[PDB]
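Visitor: Once you've seen the sequence and the experimental structure below, I've got questions.
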Amino acid sequence: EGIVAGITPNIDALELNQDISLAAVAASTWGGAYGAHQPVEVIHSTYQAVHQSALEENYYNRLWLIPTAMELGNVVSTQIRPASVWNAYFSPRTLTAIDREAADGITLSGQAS
Amino acid sequence: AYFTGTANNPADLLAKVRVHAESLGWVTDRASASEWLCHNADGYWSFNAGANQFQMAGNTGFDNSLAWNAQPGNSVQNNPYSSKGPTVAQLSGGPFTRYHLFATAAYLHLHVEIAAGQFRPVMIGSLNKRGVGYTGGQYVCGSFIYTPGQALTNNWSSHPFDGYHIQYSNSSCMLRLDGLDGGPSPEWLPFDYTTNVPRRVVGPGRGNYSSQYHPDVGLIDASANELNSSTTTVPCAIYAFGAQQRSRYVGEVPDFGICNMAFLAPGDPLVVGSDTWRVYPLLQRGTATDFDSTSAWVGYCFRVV
Amino acid sequence: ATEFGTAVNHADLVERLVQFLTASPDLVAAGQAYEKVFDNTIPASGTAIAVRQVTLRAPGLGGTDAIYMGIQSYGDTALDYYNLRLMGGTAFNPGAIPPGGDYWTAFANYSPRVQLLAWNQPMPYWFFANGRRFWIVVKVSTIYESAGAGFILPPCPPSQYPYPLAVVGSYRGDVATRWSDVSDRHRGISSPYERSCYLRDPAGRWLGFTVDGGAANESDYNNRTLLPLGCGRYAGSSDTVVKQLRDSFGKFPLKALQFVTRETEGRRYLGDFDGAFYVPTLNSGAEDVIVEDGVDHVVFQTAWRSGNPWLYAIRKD
Amino acid sequence: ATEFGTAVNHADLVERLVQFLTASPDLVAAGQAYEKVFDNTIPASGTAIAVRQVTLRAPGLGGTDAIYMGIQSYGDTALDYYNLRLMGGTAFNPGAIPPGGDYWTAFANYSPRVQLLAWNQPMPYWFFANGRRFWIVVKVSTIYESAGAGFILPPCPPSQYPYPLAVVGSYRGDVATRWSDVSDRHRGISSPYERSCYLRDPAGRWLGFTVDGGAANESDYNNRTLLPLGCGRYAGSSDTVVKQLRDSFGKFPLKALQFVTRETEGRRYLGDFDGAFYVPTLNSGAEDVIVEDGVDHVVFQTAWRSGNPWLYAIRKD
């Protein structure tokens, strides 16, 4: 009937600030498509296979990294900048840790470990 | 993966790209200073280097005693065109400012800056099957210029994956779709739209030309967002026409996308997520409506790894 | 997340809709159920059916969003239409309703209403819902109707655009129409026409989208369309690839629906339909179940006709 | 005389039709079965389905009449229409087929063909037949299609007008069409349009009837129409009583369909449809059965729409 379309390399590697889009469904196969009823519609059902996808699954189901390069330039006073991460997973993505290298003097206030 | 260099003549580019392919494990059935017969696990191909241009042609079998354009199942004789001409990529003679090469096990992508503001792309590989069961998918594309000085992007011009062109001799790019409408397996479909041939293919090649035939032209136009200055890539969907003008979607170009360069300079990086992308102009930087002397603001997007 | 079956009448259909939204095992287990903030029957029915008004709140998948939606059941027995009107908004306040009149004006940044056409009779129905959007498809039994609303998926941070609310219906809700209408304006979600689909701009101004132009419609919405079915803007011929799309070797491609605007001030790409796609008609049609990566999608056709460019599929998960 | 079922494909549909005409218990017991005078497949199918040609003879209820009919199954896989063409005549002559060409021209007093639209996939069907006329109706998903031919019932003795042969179809048979057509010319029996219903005049002239005029159609046929649905000729308003017809306290009134010609030369009453009537759409629709005086009637709607003018019922006996 229908098993898999693919599109695993493209979307995962596509120009996405997210990734692993529609990946949990791959393992969660299930399937009961076979079977037709008669609400006096018409007896038509042909092939019923897999093909293509949205093709625009962009920006789905993981963190974000808005900042990529910070132009601090000349620092002479206490500066404050925003850092945000957006997780679209249906389950949280816990950060393992923040290994601070040469980052002494940089602190986050109002946030946990 | 990603390579850069300079070449005073095309032959230097030939040598460098062949060296990279061999180092990456690509199998070359026969090699020469100017003629190539190479292949991989996907398909067979042949290339020839002219004085100021490339000649590319698809292949299905090998025969060392046959010319570069006479291999078994060659495109020249297995195409609807009455001219029976192979793929052609027109270049210039003398210095090439710089060439950018993307190398993988399934496809090769090249972008050569022949001069300041002049770019000539060379595209070869196989389309992502995307779970679609079909034999073929190999595509070879080249860059053609109509006439220097006059409008460079005239209607008669042809471009990779072009969806609209006027020419009776040569084709910029082509595609393989075996066993179409019950025909013989060797079939090398060209990207043409005005020939009314029963079997043909079309692509977003030209980008956002006025008479471009592809439903995503609007997506390419709107790739850039004014509100947040964000740019999104658009996979290049390819369509193939059947014997009775019935289209069948075939696939997309792997690791490739198009966008608008209105708010991006050549080579400007926009790292969207864990994977980085490189954007370069097709032919030259111009204005929005300069569809005659330059390539407007159409930009080719490659995934760098 | 799916409720297939047959409703004895429009009132029972709405009752089943609310029961599914409030007690679906998936919704309750995941805590994604919607909250009914208002429910009243203000009008004194004369030669017409009782009118039911309900306003419901959806928290979204994360529980941090604020989605307000409304559903109305307006009908007239003497004309034998029992329309179901849909609208969306961002805030609700019963005290702001002016004397008499109607409550839908109380919605902050209120939007024009859309509706679905049905009547009092047994009717097969196809229901889809999720924490961010809901879809309604009513099979008129030799005609197919459809509508829905929710959040599109934009490519920009929700931190800056947290309310990408979209509402779509088969026909504009400003007038009363009989489901046996013979006007081209009666169509589906894939091809809005004449005030059939609205999306909320990040600036807070609702913009209408139409796949085809119309003199009656405002000039502003002409520049903004749905590109997949609006390929005629750039193509120089009436016949194009989209109208001639077909399955490949027994496999049906699925094409998403795009929200795009081309304005003189600037361009912007808004997002895609979540769970709706365009599919060909050949060798297939309504009530067809197409699988993909273990995911099934149902096929439906517009009320106008059942041809290639007026047919779409909806994901059932 | 009546058969309800599902045919796996168009070829099987025609197969079941011929077996119903042959071995139906009522037909065989009463000796009203038709005779097959021709059956051939002349063309060499290329990118198209096999073409079946059938010619049959009907003796009538009294056994003294001479009725000749033909059925063709023309289809094209690459376009995916499996049209079923119909036509009538008074005599057949197999040797009158030219080398190449076709055989329908061999019919004495040949008439333009009408047709039926379907395609190769299981299809529910409704077959009605009698010694003097037959009716075919197929439920094509959202679309109900129908056609038929036979003898009308004039008010004059059959001694002087023994050949009141009538042929009616949903669309003209001179062109090939896909059953997903979006033209107003594709409609039902009750309302013909653009060469959809032909009647043999007592002067052996096949006169077509159209409820509504058309520039493309010949000027002669404009003045001859079907009065019940052609009330606009005399009414001075677009909205008339017939459009607003409705049942009376649960009783659906059945109105006979009419043949009338009002030309400059003169006027005349031709006959009525045998077993077909006009009924409303309200609180009802297709696949509905109503019993009058112990006789049941089925309800069907035209392909164009299910509007009040666009609906008729067929007696089932």
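Guide: Cool, the structure landed. Residues are numbered from 1 along each chain as shown, chains lettered A, B, ... in the order given.

Visitor: residues in the stretch 201-317 of chain C within reach of chain D, list them.
Guide: Neighbours of chain D within the stretch 201-317 of chain C, by Cβ under 8 Å from any Cβ of the partner chain: C:281-283, C:285-286, C:301, C:304-308. Using the backbone N, CA and C atoms, a C-beta is placed for each residue, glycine as well.

Visitor: Assign a three-state SS to residue B:20, would you?
Guide: Here residue B:20 is helix, with the state taken from DSSP: H, G, I helix; E, B strand; the rest coil.

Visitor: separation between it and residue B:160?
Guide: From residue B:20 over to residue B:160 the distance is 21 Å, taken as Cβ to Cβ, to the nearest Å.

Visitor: who has more neighbours, those two?
Guide: Set side by side, residue B:20 and residue B:160 give different neighbour counts by other Cβ atoms under 10 Å in any protein chain shown, the larger being at residue B:160 (26 against 15).

Visitor: right, is the longest helix seen in chain A up against chain B?
Guide: The longest helix of chain A (DSSP state H) is helix A:8-13. Yes. Helix A:8-13 lies within reach of chain B by Cβ under 8 Å from any Cβ, at A:9-10, A:13.

Visitor: Tell me where chain B has helices.
Guide: Assigned by DSSP H, chain B shows helices spanning B:10-23, B:217-221.

Visitor: pull the CA atoms of the shortest one into PDB?
Guide: Listed next in PDB are the C-alpha coordinates belonging to helix B:217-221 (Å, rounded to 0.1, in the frame of the first residue of the first chain):
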ATOM      1  CA  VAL B 217       8.000  31.100  -9.700                       C
ATOM      2  CA  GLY B 218       6.100  33.100  -7.100                       C
ATOM      3  CA  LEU B 219       7.900  31.200  -4.400                       C
ATOM      4  CA  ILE B 220      11.300  32.200  -5.900                       C
ATOM      5  CA  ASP B 221      10.100  35.800  -6.200                       C
END
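
Visitor: elements contacting it?
Guide: Applying 3 or more Cβ pairs under 8 Å, 6 or more residues apart in numbering or on different chains; DSSP states H and E, one finds that helix B:217-221 contacts strand B:256-260, strand C:255-262.

Visitor: and stretch A:74-93, anywhere near chain C?
Guide: Yes. Judged by Cβ under 8 Å from any Cβ, stretch A:74-93 comes into contact with chain C through A:84, A:86, A:90.

Visitor: and the residue nearest to the second one when sequence neighbours are not counted, which of the three is it?
Guide: Nearest residue to residue A:86, sequence neighbours excluded (Cβ to Cβ, 6 or more residues apart in numbering or on different chains): residue A:64, at 4.2 Å. In terms of secondary structure, residue A:64 is coil; the call rests on three-state DSSP.

Visitor: I'd say residue A:64 and residue A:83 touch.
Guide: No. The pair residue A:64 and residue A:83 fails to qualify as a contact (Cβ atoms under 8 Å) at a distance of 10.6 Å.

Visitor: ok, those two, which is more surrounded?
Guide: When neighbours are counted by other Cβ under 10 Å, residue A:64 comes out ahead of the other of residue A:64 and residue A:83, with 19 against 10.

Visitor: so who does that one touch?
Guide: Neighbouring residues of residue A:64 by Cβ atoms under 8 Å, 6 or more residues apart in numbering or on different chains: A:17-18, A:84-87, C:157.

Visitor: Grab the two from the residues of the stretch 201-317 of chain C next to chain D that are most spread out in space.
Guide: C:283 and C:304 (20.9 Å; Cβ to Cβ).

Visitor: Those two: which is more packed in?
Guide: Comparing residue C:283 with residue C:304 by neighbour count (other Cβ under 10 Å), the higher total belongs to residue C:304, at 21 against 18.

Visitor: burial measure for the closest residue to the more buried one other than its chain neighbours, as a count.
Guide: For residue C:304, the nearest residue in space outside its immediate sequence neighbours is residue C:187; the separation is 4.8 Å by Cβ to Cβ, 6+ apart. Each residue near residue C:187 was counted by other Cβ under 10 Å, and the total is 23.

Visitor: mind checking how far residue C:187 is from residue A:4?
Guide: As for residue C:187, its distance to residue A:4 is 33 Å (criterion: Cβ to Cβ).

Visitor: do the same with residue B:89
Guide: 37 Å.

Visitor: quick one: which of these two has more around it?
Guide: A count of neighbours by other Cβ under 10 Å puts residue B:89 above the other of residue B:89 and residue A:4, at 26 against 14.

Visitor: What's the separation between the more buried one and residue B:82?
Guide: According to Cβ to Cβ, residue B:89 stands 22 Å off from residue B:82.

Visitor: cool, residue C:232 as well?
Guide: Residue C:232 sits 32 Å away from residue B:82, going by Cβ to Cβ.

Visitor: Show me which of these two is the more surrounded one.
Guide: Taking neighbours as other Cβ under 10 Å, residue C:232 and residue B:82 compare with residue C:232 leading, 17 against 9.

Visitor: Pull the number of nearby residues for the closest residue to the more buried one other than its chain neighbours.
Guide: Counting by Cβ to Cβ, 6+ apart, residue C:232 lies nearest to residue C:240, which is 7.0 Å off, once chain neighbours are set aside. By the other Cβ under 10 Å criterion, the neighbourhood of residue C:240 contains 19 residues.
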